[PDB]
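K.L.:
Take this structure, written in structure tokens, and hold onto it; I'll ask about it next.
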Amino acid sequence: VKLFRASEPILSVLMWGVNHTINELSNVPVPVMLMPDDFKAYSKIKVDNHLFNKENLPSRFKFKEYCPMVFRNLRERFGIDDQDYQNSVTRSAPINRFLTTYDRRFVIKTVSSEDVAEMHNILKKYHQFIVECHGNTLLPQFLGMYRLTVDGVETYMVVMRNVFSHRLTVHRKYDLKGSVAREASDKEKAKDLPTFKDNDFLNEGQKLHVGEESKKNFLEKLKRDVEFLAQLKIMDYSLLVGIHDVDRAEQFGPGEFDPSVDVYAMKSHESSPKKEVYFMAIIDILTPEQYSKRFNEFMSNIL
Amino acid sequence: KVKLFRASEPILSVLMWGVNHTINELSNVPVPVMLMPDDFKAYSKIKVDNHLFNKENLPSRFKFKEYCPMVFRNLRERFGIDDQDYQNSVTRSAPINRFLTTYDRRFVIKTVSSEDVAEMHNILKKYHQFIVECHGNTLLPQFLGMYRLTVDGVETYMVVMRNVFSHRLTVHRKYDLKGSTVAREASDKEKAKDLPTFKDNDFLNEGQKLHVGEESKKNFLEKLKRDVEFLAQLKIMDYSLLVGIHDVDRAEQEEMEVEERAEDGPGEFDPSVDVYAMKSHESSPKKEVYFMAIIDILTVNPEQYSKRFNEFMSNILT
Ligand SMILES: Nc1nc2c(ncn2[C@@H]2O[C@H](COP(=O)(O)O)[C@@H](O)[C@H]2O)c(=O)[nH]1
Ligand SMILES: Nc1nc2c(ncn2[C@@H]2O[C@H](COP(=O)(O)O)[C@@H](O)[C@H]2O)c(=O)[nH]1
Ligand SMILES: Nc1nc2c(ncn2[C@@H]2O[C@H](COP(=O)(O)O)[C@@H](O)[C@H]2O)c(=O)[nH]1
Ligand SMILES: Nc1nc2c(ncn2[C@@H]2O[C@H](COP(=O)(O)O)[C@@H](O)[C@H]2O)c(=O)[nH]1
Ligand SMILES: Nc1nc2c(ncn2[C@@H]2O[C@H](COP(=O)(O)O)[C@@H](O)[C@H]2O)c(=O)[nH]1
């Protein structure tokens, strides 16, 4: 029994919406291949309830899903069961725009009209790339795209796999581009979880010890990714890096995690100083050669 | 577990889609302690525009309206119908025949007019009360859902009710009885149909009689009494008693000829399912099952119509 109780009616519509579309899809046969029209397709539902079911939900609202067959396919290729996706969004209000499902597995990002256009723009190629690389990639994993209409207002959302662990705490965040010079602001430098940048990183001497095992895979991955982003003539994307300090945690065991769920996590190396878990993925790709090449190096340095 | 809502006509796919949709939604809605007055003016309305998506069985564009859903859910409960069952009966496979039956013959789906839906609203509060205080024991139509479908910009109203007839037992003869003083008979056109709808004068001509025996006759006549009086209270007129007769032996042979043909439990029913069914008196000639319900509830005035109706239906059985 799902009430879709959330701190805000937008979020209730979202939960209602994700629940409705996933159910709907469960009655849609899984096709032998995606078709070009699936890339221009959408489900639209308009709800108008008179004197009924008002407790958590608005009486009137619209919910639109973009390209449901493509995103259902992406979920699969990313190793994600539709029923778990649904459960993550609906069992409980997502929490604090940049939201997270209650179980921290999926990030829910508000985006713009042009963003959604940019997405349509790259979606066939992005899909094809996901196929070719068998789901293994540092790129953002796009799970669903949606427009909500509440109180006459439209709101676009993209749902992604969370870069960070969902049960492990992060002690560092470093947004990295590799160019110029970027730093953390005074105002921000004193927040609980500071979003440091390139220079703040190098001026700390911070390195990441994953061995040459993990580094070989990671770098091979990184280049094919940024090459793809470049071939798409895209840029200004960062490498989000999270650092979890095991020991500090002690102040179901520490450092323990499920690689199939925390897809970006990486164990520290034997021959390494402190014991930690790193999280590394490419974020912010919705907007060339020079940027890629550079970003590729700067990243291959800290490691 | 996939449901395609495959059907001969888009309207039917939409119906299946809608009952399925509204039942799931209702499942995330607490069962109230009691119904509230707004519940009697409530409705749900969904509007779908699919673009290049999910077009095999459903239209791309349609609307589904459920009237007073909280009331009808509660009605289903008081008639001992589980929502899952109802949903399955409607959605597992297309209704068949406007007048439809669920593929499993448990429920009837009648296409009705805007006026009908209006009349349903007029009487809905009192009907519910009357169903509460007779504990669901009535010859009246038992209403389970009311819907408006929209396909190709055309509106279609439907009411879902329980089948007057058994869902297993075959009917071999049926009558529509009113008791009117006017003449009422089966047309020449009708008589040549497979299962003709005979009328008042045909039933009398045939010397027909229904042998239910005294304990059942009383329980029936007591239902009829409050039912018609209730209908009388409301402005209601010109409803009929639907009478279906099932011949036990004839069915046994028909079954027999059904196997032999393919080659190339004894006149009983569940009274919690076949709610209008009565066995024949243990002293009847032929062994029989009857089904008897009032239908169509949406000079002579209602009170006198009821009175007429009553005395006739009372002389129909023995
Ligand atoms: N916990 C978490 N934070 C993220 C993730 N992706 C991006 N972020 C953070 O959320 C912020 C909001 O997005 P942005 O400000 O870059 O538009 C980002 O700057 C980044 O610090 C993620 O997957 N998990
Ligand atoms: N008495 C009553 N009639 C209604 C109500 N809602 C719809 N109707 C009637 O039912 C028919 C169809 O209404 P519609 O739902 O198509 O607007 C019309 O005759 C309309 O007046 C209601 O809440 N109360
Ligand atoms: N659509 C709609 N129609 C109504 C509603 N209330 C009444 N009607 C229609 O208006 C007629 C007159 O209302 P009444 O005088 O019987 O209360 C009803 O028989 C019904 O057809 C309503 O709330 N919604
Ligand atoms: N099997 C079955 N037939 C019904 C039921 N109610 C009405 N009918 C049939 O529907 C017709 C009467 O309603 P009509 O659709 O003409 O208004 C008659 O042919 C009658 O036999 C029912 O509950 N079950
Ligand atoms: N009443 C009755 N009729 C039968 C029986 N067996 C066959 N008949 C009838 O006799 C005719 C021949 O049936 P058949 O033997 O060809 O199936 C058919 O009309 C069939 O309905 C039976 O056991 N009882």
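Numbers and lists here come from the model and the stated rules, or from a named source; none is laboratory data. When we count neighbours, we look across all protein chains shown, and the Cβ atoms used for this are built from the backbone with ideal geometry, even at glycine.
K.L.:
Please verify whether B:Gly179 is away from ligand 4 (no atom under 13 Å from the Cβ), in a loop (DSSP other than H, G, I, E, B), more than 14 Å from chain A (Cβ to nearest Cβ) and more than 23 Å from the chain's Cα centre (by Cα), treating the condition exactly as stated.
P.N.:
Spelling it out, it is not the case that B:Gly179 is away from ligand 4 (no atom under 13 Å from the Cβ), in a loop (DSSP other than H, G, I, E, B), more than 14 Å from chain A (Cβ to nearest Cβ) and more than 23 Å from the chain's Cα centre (by Cα).
K.L.:
Okay, moving on. Give B:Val90, B:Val117, B:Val108 a once-over and let me know the one that is over 21 Å from A:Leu51 (Cβ atoms), of a type in the set (A, V, I, L, M), in a helix (DSSP H, G or I) and in contact with a strand residue (DSSP E or B) (Cβ under 9 Å, 6 or more places away or on another chain).
P.N.:
Only one candidate qualifies: B:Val90.
K.L.:
Within region A:31-64, track down each residue that is part of a loop (DSSP other than H, G, I, E, B) and more than 7 Å from every other protein chain (Cβ to nearest Cβ).
P.N.:
Within region A:31-64, A:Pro31, A:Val32, A:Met33, A:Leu34, A:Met35, A:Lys54, A:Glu55, A:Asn56, A:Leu57, A:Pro58, A:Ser59 meet the criteria.
K.L.:
Now, a different point. Go through region B:90-143 and give me each residue that's within 16 Å of ligand 3 (Cβ to nearest atom) and under 14 Å from the mean Cα position of the chain (by Cα).
P.N.:
The one that is within 16 Å of ligand 3 (Cβ to nearest atom) and under 14 Å from the mean Cα position of the chain (by Cα): B:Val112.
K.L.:
With the condition kept exactly as written, say whether any residue in region A:6-21 is outside any helix (DSSP H, G or I), assigned by CATH to the domain that holds A:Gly152, surrounded by 16 or more Cβ atoms within 10 Å (Cβ to Cβ) and touching a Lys or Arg at 6+ places or on another chain (Cβ under 7 Å).
P.N.:
Checking region A:6-21: not a single residue is outside any helix (DSSP H, G or I), assigned by CATH to the domain that holds A:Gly152, surrounded by 16 or more Cβ atoms within 10 Å (Cβ to Cβ) and touching a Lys or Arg at 6+ places or on another chain (Cβ under 7 Å).
K.L.:
Within region A:269-282, does at least one residue satisfy the condition of being in a strand (DSSP E or B), crowded, with 21+ Cβ neighbours inside 10 Å, acidic (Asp, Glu) and in the same structural domain as A:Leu193 (by CATH)?
P.N.:
Yes, region A:269-282 contains at least one residue that is in a strand (DSSP E or B), crowded, with 21+ Cβ neighbours inside 10 Å, acidic (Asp, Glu) and in the same structural domain as A:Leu193 (by CATH).
K.L.:
Moving on to the next point. Looking at this structure, is B:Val154 β-branched (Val, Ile, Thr), surrounded by fewer than 19 Cβ atoms within 10 Å (Cβ to Cβ) and either within 16 Å of ligand 1 (Cβ to nearest atom) or away from chain A (no Cβ under 14 Å) (or both)?
P.N.:
Yes.
K.L.:
Out of all the residues in region B:12-25, is one or more over 30 Å from B:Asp270 (Cα atoms), more than 11 Å from every other protein chain (Cβ to nearest Cβ) and of a type outside the set (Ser, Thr, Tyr)?
P.N.:
Yes, there is a match, as at least one residue in region B:12-25 is over 30 Å from B:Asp270 (Cα atoms), more than 11 Å from every other protein chain (Cβ to nearest Cβ) and of a type outside the set (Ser, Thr, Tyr).
K.L.:
Would you check if B:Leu234 is buried (at least 16 other Cβ atoms within 10 Å of the Cβ), within 16 Å of ligand 3 (Cβ to nearest atom) and under 21 Å from B:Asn310 (Cβ atoms)?
P.N.:
In short, yes.
K.L.:
Looking only at region B:144-168, count every residue that is part of a loop (DSSP other than H, G, I, E, B) and under 14 Å from the mean Cα position of the chain (by Cα) and tell me the total.
P.N.:
So the answer is 5.
K.L.:
Restricting to region B:244-293, count the residues that are touching a helix residue (DSSP H, G or I) at 6+ places or on another chain (Cβ under 6 Å) and away from ligand 5 (no atom under 16 Å from the Cβ).
P.N.:
1
K.L.:
Right, something else. Restricting to region B:291-310, give me the number of residues that are hydrophobic (A, V, I, L, M, F, W, C), over 20 Å from B:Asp116 (Cα atoms) and assigned to a loop (DSSP other than H, G, I, E, B).
P.N.:
1
K.L.:
What are the pairs, 6+ residues apart or on separate chains, where a residue within region B:232-254 that is more than 14 Å from chain A (Cβ to nearest Cβ) has its Cβ under 8 Å from a residue that is more than 16 Å from ligand 5 (Cβ to nearest atom) and polar (S, T, N, Q)?
P.N.:
So the pair list comes out as B:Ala232/B:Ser306; B:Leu234/B:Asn122; B:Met237/B:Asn301; B:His246/B:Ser166.
K.L.:
I'm told A:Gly135 meets every condition in (1) at positive phi; (2) assigned to a strand (DSSP E or B); (3) of a type outside the set (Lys, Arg) except one. Can you identify the failing condition by its number?
P.N.:
(2)
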